[PDB]
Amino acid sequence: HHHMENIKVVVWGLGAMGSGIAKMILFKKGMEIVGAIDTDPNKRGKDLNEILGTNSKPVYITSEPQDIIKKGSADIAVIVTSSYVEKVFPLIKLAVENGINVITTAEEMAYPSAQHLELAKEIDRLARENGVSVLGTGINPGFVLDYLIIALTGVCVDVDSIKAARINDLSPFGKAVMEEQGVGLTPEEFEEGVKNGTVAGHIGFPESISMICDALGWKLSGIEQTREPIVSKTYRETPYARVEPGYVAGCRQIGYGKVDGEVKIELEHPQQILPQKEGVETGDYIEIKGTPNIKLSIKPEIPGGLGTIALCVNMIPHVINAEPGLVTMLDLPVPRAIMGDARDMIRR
């Protein structure tokens, strides 16, 4: 109890999520930053406080992970870089080999066995052999279209099917996001955009669907997805995009989880600029068909960015406290805000 050291965090990746996570860790009593890593030459060497506009014991961003990812130097690394297991696995490996807990936002890491069984097995072996835990989380995947749905099923005698949607407004975002979701394209330019990879859709549905089925004990016979344009019937314009009727207002990603060849789970993530233009309200919508039926909604949707920053930080005690190994949102206690001293949440 006496002279508990602050939870020591390395933020690894300092883009949008890295920055927000760092700001929050500072603001939280019980946690402190001991390292900041990024490959960005613009950021190399700078004091973290300058990047975020804050006053604290200065931390100097390194492009070299290994002068902070050392044995016993930090409690937990927060890896906010790539979407893909194969691109954060080398970072995860380095962190756990030095006995450092890991939280990552990588969508594929929300349930890595869904698409990377052998790599997920290796993360678990490495985390166990080193006595630390690895968690992938986020708002989606990681919370609203998996963990939250799963929790609701806990009040059901029986679940027939699950249909859920998450709807946002792309209008605050810049050109890079517009191009990821095909805003402004023609339907035909959308198809080649998807087929060549400029249209990103949404990453994480195989992870979310697999997590649900494992949780409920369904055995998947297949996972299908579609990534199709949201063809506008109206005029919509923001500083970074202009869609006229017949042009693509955004991208609708759909995930189908199949049991015995039948759809038990359908997840939808339509992303577009200004859905108010055609009466589409933002929000997270969950419907459970079974005994009983359950219809939940959060309007507007839980903020993708703010929520992922908050959830990442809030899960730090749980990943530290968790038994060693790779963990998912199916293994940890309930998420919760840290309105007290984070040191009190550590199991000693």
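Note that residue numbering begins at 1 and tracks the sequence as displayed.
Stretches 158 to 166 and 183 to 191 differ in mean C-alpha B factor, with the higher average recorded for 183 to 191. In this entry, 16 to 24 has the higher mean Cα B-factor, the comparison being between 327 to 335 and 16 to 24.
Per the PDB entry, 86 shows the highest C-alpha temperature factor of the residues 108, 86, 266, 146. In the deposited coordinates, the residue among 304, 292, 35, 300 with the greatest CA B-factor is 35. Among the modelled residues of its chain, residue 288 has a C-alpha B-factor that falls in the lowest third, as given in the PDB entry.
In this PDB entry, the Cα temperature factor of residue 255 sits in the bottom third of its chain's modelled residues, the lowest group.
For residue 138, the recorded CA temperature factor ranks within the lowest third of the chain's modelled residues. Residue-level temperature factors show residue 320 in the middle third of its chain, judged at the C-alpha atom.
Ranked against the other modelled residues of its chain, the C-alpha B-factor of residue 296 as given in the entry falls in the lowest third.
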